[PDB]
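Worksheet: the structure to be examined is printed underneath.
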There are 2 protein chains.
Amino acid sequence: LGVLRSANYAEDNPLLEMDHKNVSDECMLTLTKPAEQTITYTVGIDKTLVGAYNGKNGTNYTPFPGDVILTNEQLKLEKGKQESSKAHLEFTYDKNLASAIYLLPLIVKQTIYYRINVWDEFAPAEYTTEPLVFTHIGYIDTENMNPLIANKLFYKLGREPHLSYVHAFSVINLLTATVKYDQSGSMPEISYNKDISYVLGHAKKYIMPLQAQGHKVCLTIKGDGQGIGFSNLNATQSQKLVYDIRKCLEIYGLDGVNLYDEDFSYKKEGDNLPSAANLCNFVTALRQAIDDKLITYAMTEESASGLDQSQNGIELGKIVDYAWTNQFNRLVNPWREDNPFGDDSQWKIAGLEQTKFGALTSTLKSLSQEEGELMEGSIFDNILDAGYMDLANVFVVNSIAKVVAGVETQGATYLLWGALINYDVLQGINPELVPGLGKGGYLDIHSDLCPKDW
Amino acid sequence: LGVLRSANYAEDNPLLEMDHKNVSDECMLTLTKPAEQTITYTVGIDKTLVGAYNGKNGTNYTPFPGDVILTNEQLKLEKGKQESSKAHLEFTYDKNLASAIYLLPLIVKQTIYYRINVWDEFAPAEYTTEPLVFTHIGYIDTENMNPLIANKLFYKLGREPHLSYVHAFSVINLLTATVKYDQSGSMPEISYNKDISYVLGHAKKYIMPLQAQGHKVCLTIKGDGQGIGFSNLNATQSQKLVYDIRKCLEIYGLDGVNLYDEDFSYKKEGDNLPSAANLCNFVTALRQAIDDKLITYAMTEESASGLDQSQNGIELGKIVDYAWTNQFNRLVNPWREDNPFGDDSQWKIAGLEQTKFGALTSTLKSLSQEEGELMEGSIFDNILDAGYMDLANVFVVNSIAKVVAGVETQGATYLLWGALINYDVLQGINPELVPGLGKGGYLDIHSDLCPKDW
């Protein structure tokens with residue numbers, strides 16, 4: 001009586017994702033009672049167990065026909081111990097392998113059923129055109145990250161025989177361009193660093209493949225500290241910036257623009273004071289020029305007061321497509337009186353439906369025990385206990401970043417909160433980020449999923 | 001309106017047999033009306049049609065994952081012609097192909113649905129453990145043939161969705177050993193040529209693999225023209241020959257012996273003359289020694305008279321498991337009076353049930369128009385129109401031999417008569433000899449299925 005168990009996967013029938021490279025796992029035997037005498041059991045492959053697995057679990061899998069290299073298959077179990085040595089399995093990818101899920105059973109002489117997912121050129125097996133239920137907006141810092149990593153990130157939704165895969169993000173924000181004065185000191189202009197220039201300059205390689213995979217790709221525009229910005233433009237300056245943004249979006253085939261309201265370094269006293277009214281007039285002008293292309297707003301603590309009320313009849317929430325904050329790893333509910341976690345009323349935008357507000361914008365930082373309690377607490381209490389279910393439609397991730405030492409814990413969770421609420425809590429569907437675990441996955445701190453190639 | 005058809009196969013859905021080697025075929029377009037103008041069409045692969053084929057024909061096929069190399073895919077149809085050029089298709093075997101029957105639809109962009117049977121290491125896909133209805137006995141001339149060709153010959157039984165494969169033979173007779181006088185001329189001794197010595201000396205390679213797939217393997221023992229044989233032995237000579245045969249079967253893991261009563265060159269007038277009583281006495285002693293191992297008898301014109309009668313209370317038909325004749329390509333009915341084909345009364349063995357008698361023994365020789373009419377006539381009239389149904393149990397093929405120029409016609413027929421009667425006539429099941437057609441098949445006169453390797 002024992003259990004052939006996977007060392008690196010809690011699933012009793014682990015599902016490995018094979019994206020044109022080899023995959024591997026170690027398996028071991030776990031006896032119910034300690035071994036009396038030292039015995040050596042051997043693991044072997046028994047592909048004749050496929051049809052029985054299929055009939056029971058409703059699957060239609062085919063035996064994995066590629067080379068499977070089992071090393072240290074002699075499971076030595078020392079006397080007095082309950083868990084044997086670890087055999088190592090490496091599944092070998094070959095281009096002859098068709099894209100599907102395969103089944104390779106392993107027997108001890110219990111049984112562990114390994115399922116291998118051979119990906120197609122663009123997506124894993126069982127990818128569906130069924131769209132994501134919520135809006136997942138992701139940032140990419142073009143200084144450290146390839147925008148095309150979004151086309152390598154998927155959710156594993158459901159359990160067999162109803163397994164489906166979808167892209168983890170629906171909108172991708174590209175960081176960044178900036179607003180600066182021209183050389184003459186009169187007009188604003190958009191400045192592009194070397195990295196954001198290469199991505200835009202080769203959009204058929206970086207932006208257009210994302211769009212073919214169902215992504216809306218926007219350009220984030222921030223401030224460059226010269227005192228000119230979205231909230232203090234005059235009439236002539238505004239027409240310039242609206243024209244340049246309109247041109248930029250059509251020029252490089254972008255789907256919209258993200259207005260990041262920070263790093264403008266506005267002056268506190270003078271004639272060009274930043275106002276919410278100016279911000280409303282500017283976005284209204286931008287909406288007229290770019291039509292149905294997306295406008296999103298990233299509110300910060302440097303944002304102007306008065307967005308809670310109408311400015312000259314304009315409500316910013318009515319003109320923008322989405323809006324979120326820089327209050328990372330915390331759920332911001334501006335519509336909650338006597339909010340136990342904190343008063344988020346400064347983040348109230350007039351005319352903005354709760355469905356257009358990313359209440360949770362997450363970043364890849366390590367969090368304390370109190371920070372983790374506040375995060376999970378503000379998430380569950382506002383969406384489930386307080387009834388603010390309309391705050392589960394937009395989830396924002398400020399920079400999909402490389403997982404390194406220290407941020408491994410937050411790296412596993414800061415992309416799954418959107419699907420956790422919408423799929424696991426609000427429905428029955430289990431969500432899982434793919435390719436996360438395993439060598440070469442996103443959670444491998446010694447690998448890069450989609451690295452920068454310029 | 002047109003028909004995409006195969007040149008070498010008249011079936012709409014050709015079933016190609018892939019046994020760890022590549023398989024190929026040519027196709028063409030046949031228009032229902034001549035080409036008004038000169039046009040060129042192109043053929044392609046549409047694995048989406050796999051589903052509708054499955055639903056219509058009740059199959060569970062999966063699209064073929066291997067590489068299909070199509071050449072001349074542009075079909076040139078000159079004006080006034082109804083048939084386009086030929087396109088060549090090669091289906092590539094690879095170790096990454098699991099054993100199954102795969103479907104590969106081919107479209108002109110009518111449809112030709114190709115079915116690929118990727119064999120396992122031992123049998124084609126859809127091989128069944130269901131045993132053969134009749135007993136098919138096959139000889140193998142070890143001087144020209146490898147005994148393991150029997151592990152490559154199958155019957156394709158039925159139609160889809162009720163397709164199955166069985167081995168075409170149940171008993172294999174290995175030619176041959178000889179009985180000669182010892183140096184002093186007082187004892188019989190078994191003699192082995194260089195080829196039959198190698199087969200027995202490496203029975204783990206040649207005999208045992210046949211028995212694993214369910215073959216009963218016997219050794220045929222004839223005469224060497226030295227005047228000593230099964231029918232003139234005394235008491236001391238009989239014990240010696242019985243001992244060495246019992247020893248031979250035990251030594252090489254054989255399942256029985258075939259007593260071929262020919263080429264002994266018995267004396268016409270003298271002291272130790274051949275008699276049917278002597279033969280009955282020797283076989284009775286062989287039955288006691290080898291016990292449940294098989295004794296079979298091949299009667300010839302050189303066989304002794306009186307086998308129709310009980311010799312000293314012994315009936316040879318009671319001690320032998322099977323019996324047949326050397327009267328090739330003609331059904332022999334010794335129990336039928338006023339036989340229109342021929343009086344076969346001299347081939348009658350006392351106490352032999354008809355279910356143990358192989359009335360038809362086939363050999364790979366070309367037949368005249370009259371000889372073929374005698375063959376088909378005697379087979380059909382005796383078993384079906386005269387009601388000798390018990391003569392359909394045992395069928396014999398004397399030397400499964402290489403098909404060459406001149407015997408292509410008899411090559412296709414002389415292995416399927418037993419299945420034609422028992423499966424096609426007496427049941428609804430359709431029989432096909434696999435792997436017969438195609439390059440490398442048994443009917444390819446420029447290839448050897450399982451050749452000699454010694």
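Labels used: A, B, ... for chains in the order of the structure tokens, numbers from 1 for residues in each chain, and numbers from 1 for ligands as shown.
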**OP:** Do a neighbour search on range 141-150 of chain A at 10 Å with only C-alpha atoms, toss out local chain neighbours closer than 3 positions, and write the hits as a ChimeraX atom specification.
**Re:** /A:138,153-154,167-176,193-199,205-210,213,215,217,220,398-402,442,448-454
Original post:
How far apart are chain B and chain A by Cα RMSD after a least-squares superposition over every Cα, paired in order?
Top reply: 0.6 Å
Subject >> Selection near range 326-335 of chain A, 7 Å with only C-alpha atoms, sequence-local residues under 5 positions removed, as a ChimeraX atom specification >> reply: /A:298-300,344-345,347-348,359-363,374-375,378-379
Original post:
For chain B, which residues have at least one atom within 12 Å of chain A, if we go by only C-alpha atoms? Write them as a VMD selection string, please.
Top reply: chain B and resid 60 to 68 92 to 100 120
Could you please take those selected residues and save N, CA and C atoms as a short mmCIF file (atom, residue, chain, number, x, y, z; two decimals), in the first residue's frame?
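As a result, out-v3.cif now contains:
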data_model
loop_
_atom_site.label_atom_id
_atom_site.label_comp_id
_atom_site.auth_asym_id
_atom_site.auth_seq_id
_atom_site.Cartn_x
_atom_site.Cartn_y
_atom_site.Cartn_z
N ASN B 60 -13.60 5.93 -34.74
CA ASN B 60 -13.02 6.80 -33.74
C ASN B 60 -11.62 7.25 -34.16
N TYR B 61 -11.40 7.37 -35.46
CA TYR B 61 -10.08 7.69 -35.98
C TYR B 61 -9.66 9.10 -35.58
N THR B 62 -8.34 9.30 -35.51
CA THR B 62 -7.71 10.58 -35.25
C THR B 62 -6.87 10.99 -36.45
N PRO B 63 -6.74 12.29 -36.71
CA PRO B 63 -5.93 12.73 -37.86
C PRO B 63 -4.48 12.28 -37.74
N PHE B 64 -3.93 11.84 -38.87
CA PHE B 64 -2.59 11.29 -38.92
C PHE B 64 -1.56 12.36 -38.57
N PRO B 65 -0.77 12.17 -37.50
CA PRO B 65 0.18 13.21 -37.08
C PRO B 65 1.49 13.21 -37.84
N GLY B 66 1.76 12.20 -38.66
CA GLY B 66 3.03 12.10 -39.34
C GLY B 66 3.14 13.01 -40.55
N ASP B 67 4.35 13.03 -41.11
CA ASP B 67 4.66 13.89 -42.24
C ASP B 67 4.17 13.25 -43.53
N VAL B 68 3.38 13.99 -44.30
CA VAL B 68 2.87 13.55 -45.59
C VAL B 68 3.53 14.40 -46.66
N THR B 92 5.16 9.17 -43.90
CA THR B 92 6.46 8.91 -43.31
C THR B 92 6.30 8.28 -41.93
N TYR B 93 6.91 7.11 -41.74
CA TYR B 93 6.95 6.50 -40.42
C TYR B 93 8.02 7.16 -39.56
N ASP B 94 7.71 7.33 -38.28
CA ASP B 94 8.66 7.83 -37.30
C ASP B 94 8.38 7.17 -35.97
N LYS B 95 9.41 7.06 -35.14
CA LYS B 95 9.24 6.43 -33.83
C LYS B 95 8.28 7.20 -32.94
N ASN B 96 8.00 8.46 -33.26
CA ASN B 96 7.04 9.26 -32.52
C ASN B 96 5.60 9.03 -32.96
N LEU B 97 5.33 7.97 -33.71
CA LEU B 97 3.98 7.64 -34.15
C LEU B 97 3.47 6.47 -33.33
N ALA B 98 2.45 6.72 -32.52
CA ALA B 98 1.83 5.64 -31.76
C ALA B 98 1.01 4.76 -32.69
N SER B 99 0.91 3.48 -32.33
CA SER B 99 0.18 2.51 -33.14
C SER B 99 -1.31 2.81 -33.09
N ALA B 100 -1.90 3.07 -34.26
CA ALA B 100 -3.33 3.32 -34.40
C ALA B 100 -3.66 3.35 -35.88
N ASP B 120 2.06 -1.98 -34.44
CA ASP B 120 2.86 -2.06 -33.24
C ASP B 120 4.13 -2.85 -33.56
#
Original post:
Near residue 74 in chain B, counting only C-alpha atoms, which residues have an atom at most 12 Å away, once you skip same-chain residues fewer than 5 positions from it, shown as a list in words?
Top reply: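 Surrounding residues, per the criterion: residues 27, 28, 29, 39, 40, 41, 42, 43, 44, 84, 85, 86, 87, 88, 108 and 109 of chain B.
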Could you take the residues named above and write them with N, CA and C atoms, as a PDB file, in the first residue's frame?
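And here is the file that came out, selection.pdb:
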ATOM      1  N   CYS B  27      -2.647   9.368 -56.625  1.00  0.00           N
ATOM      2  CA  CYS B  27      -4.046   9.723 -56.814  1.00  0.00           C
ATOM      3  C   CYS B  27      -4.195  10.589 -58.058  1.00  0.00           C
ATOM      4  N   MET B  28      -5.442  10.762 -58.491  1.00  0.00           N
ATOM      5  CA  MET B  28      -5.737  11.519 -59.697  1.00  0.00           C
ATOM      6  C   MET B  28      -7.165  12.034 -59.618  1.00  0.00           C
ATOM      7  N   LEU B  29      -7.477  12.996 -60.481  1.00  0.00           N
ATOM      8  CA  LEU B  29      -8.807  13.586 -60.564  1.00  0.00           C
ATOM      9  C   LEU B  29      -9.475  13.113 -61.848  1.00  0.00           C
ATOM     10  N   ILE B  39      -7.128  23.271 -67.468  1.00  0.00           N
ATOM     11  CA  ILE B  39      -7.121  23.777 -66.102  1.00  0.00           C
ATOM     12  C   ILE B  39      -6.151  22.938 -65.282  1.00  0.00           C
ATOM     13  N   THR B  40      -5.638  23.534 -64.209  1.00  0.00           N
ATOM     14  CA  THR B  40      -4.805  22.838 -63.239  1.00  0.00           C
ATOM     15  C   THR B  40      -5.438  22.967 -61.862  1.00  0.00           C
ATOM     16  N   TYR B  41      -5.558  21.845 -61.159  1.00  0.00           N
ATOM     17  CA  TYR B  41      -6.074  21.803 -59.799  1.00  0.00           C
ATOM     18  C   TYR B  41      -4.964  21.378 -58.846  1.00  0.00           C
ATOM     19  N   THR B  42      -5.153  21.690 -57.565  1.00  0.00           N
ATOM     20  CA  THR B  42      -4.175  21.398 -56.525  1.00  0.00           C
ATOM     21  C   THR B  42      -4.834  20.621 -55.393  1.00  0.00           C
ATOM     22  N   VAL B  43      -4.136  19.603 -54.900  1.00  0.00           N
ATOM     23  CA  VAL B  43      -4.636  18.765 -53.817  1.00  0.00           C
ATOM     24  C   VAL B  43      -4.004  19.213 -52.510  1.00  0.00           C
ATOM     25  N   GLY B  44      -4.759  19.065 -51.423  1.00  0.00           N
ATOM     26  CA  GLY B  44      -4.289  19.434 -50.106  1.00  0.00           C
ATOM     27  C   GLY B  44      -4.817  18.480 -49.058  1.00  0.00           C
ATOM     28  N   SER B  84      -6.888  13.851 -64.784  1.00  0.00           N
ATOM     29  CA  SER B  84      -5.756  14.731 -64.549  1.00  0.00           C
ATOM     30  C   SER B  84      -4.472  13.918 -64.408  1.00  0.00           C
ATOM     31  N   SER B  85      -3.376  14.614 -64.120  1.00  0.00           N
ATOM     32  CA  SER B  85      -2.112  13.950 -63.859  1.00  0.00           C
ATOM     33  C   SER B  85      -2.174  13.215 -62.520  1.00  0.00           C
ATOM     34  N   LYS B  86      -1.113  12.475 -62.222  1.00  0.00           N
ATOM     35  CA  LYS B  86      -1.014  11.727 -60.977  1.00  0.00           C
ATOM     36  C   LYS B  86      -0.204  12.509 -59.950  1.00  0.00           C
ATOM     37  N   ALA B  87      -0.709  12.547 -58.720  1.00  0.00           N
ATOM     38  CA  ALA B  87      -0.005  13.129 -57.588  1.00  0.00           C
ATOM     39  C   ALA B  87       0.473  12.016 -56.664  1.00  0.00           C
ATOM     40  N   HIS B  88       1.700  12.149 -56.166  1.00  0.00           N
ATOM     41  CA  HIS B  88       2.320  11.131 -55.326  1.00  0.00           C
ATOM     42  C   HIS B  88       2.243  11.543 -53.860  1.00  0.00           C
ATOM     43  N   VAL B 108      -9.463  18.511 -53.050  1.00  0.00           N
ATOM     44  CA  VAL B 108      -9.040  19.195 -54.273  1.00  0.00           C
ATOM     45  C   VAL B 108      -9.174  20.692 -54.016  1.00  0.00           C
ATOM     46  N   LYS B 109      -8.118  21.275 -53.447  1.00  0.00           N
ATOM     47  CA  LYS B 109      -8.148  22.711 -53.080  1.00  0.00           C
ATOM     48  C   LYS B 109      -6.729  23.160 -52.725  1.00  0.00           C
TER      49      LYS B 109
END
Subject >> DSSP strand (DSSP E or B) residues within range 328-441 of chain B, as a PyMOL selection string >> reply: chain B and resi 328+357-358+361-362+394-397+431-434
Original post:
So how many Å separate CA of residue 434 in chain A and CA of residue 203 in chain A, to one decimal?
Top reply: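 Computing the Euclidean distance for CA of residue 434 in chain A and CA of residue 203 in chain A yields 25.5 Å.
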**OP:** Give me the residues within 8 Å of residue 126 in chain B as a list in words, counting only C-alpha atoms and dropping any in the same chain fewer than 4 places off.
**Re:** residues 100, 101, 163, 164 and 165 of chain B
Restrict the selected residues to N, CA and C atoms and save them as a short mmCIF file (atom, residue, chain, number, x, y, z; two decimals), in the first residue's frame.
data_model
loop_
_atom_site.label_atom_id
_atom_site.label_comp_id
_atom_site.auth_asym_id
_atom_site.auth_seq_id
_atom_site.Cartn_x
_atom_site.Cartn_y
_atom_site.Cartn_z
N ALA B 100 -1.90 3.07 -34.26
CA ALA B 100 -3.33 3.32 -34.40
C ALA B 100 -3.66 3.35 -35.88
N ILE B 101 -4.96 3.38 -36.18
CA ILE B 101 -5.44 3.62 -37.53
C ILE B 101 -5.77 5.10 -37.62
N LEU B 163 -13.58 -3.65 -37.74
CA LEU B 163 -12.32 -4.13 -38.31
C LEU B 163 -11.48 -4.82 -37.25
N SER B 164 -10.84 -5.92 -37.65
CA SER B 164 -9.96 -6.66 -36.76
C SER B 164 -8.90 -7.36 -37.60
N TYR B 165 -7.77 -7.67 -36.95
CA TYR B 165 -6.67 -8.39 -37.57
C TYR B 165 -6.34 -9.62 -36.75
#
Subject >> Who sits within 8 Å of residue 321 in chain B, only C-alpha atoms, same chain under 2 positions skipped, as a PyMOL selection string >> reply: chain B and resi 294-296+317-319+323+356
Write out, as a compact mmCIF listing (two decimals), in the first residue's frame, the residues just selected, with C-alpha atoms.
# COMPACT_ATOMS: atom_id res chain seq x y z
CA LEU B 294 1.24 -32.82 -32.11
CA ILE B 295 1.57 -35.68 -34.59
CA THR B 296 0.51 -34.88 -38.15
CA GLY B 317 -6.76 -41.45 -37.83
CA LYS B 318 -7.27 -41.84 -34.08
CA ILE B 319 -3.66 -41.13 -33.08
CA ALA B 323 -3.68 -35.26 -41.73
CA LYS B 356 -8.93 -33.26 -38.71
Subject >> Coordinates-based distance that separates CA of residue 243 in chain A from CA of residue 261 in chain A (Å, one decimal) >> reply: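 Going from CA of residue 261 in chain A over to CA of residue 243 in chain A, I get 19.1 Å.
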**OP:** Go through B:76, B:115, B:421, B:259 one by one, measure the shortest atom-to-atom distance of each to residue 160 in chain B using only C-alpha atoms, and give the residue with the smallest value.
**Re:** B:115
Original post:
Could you pull out the helix (DSSP H, G or I) residues of range 113-154 of chain B from DSSP and send them as a ChimeraX atom specification?
Top reply: /B:147-151
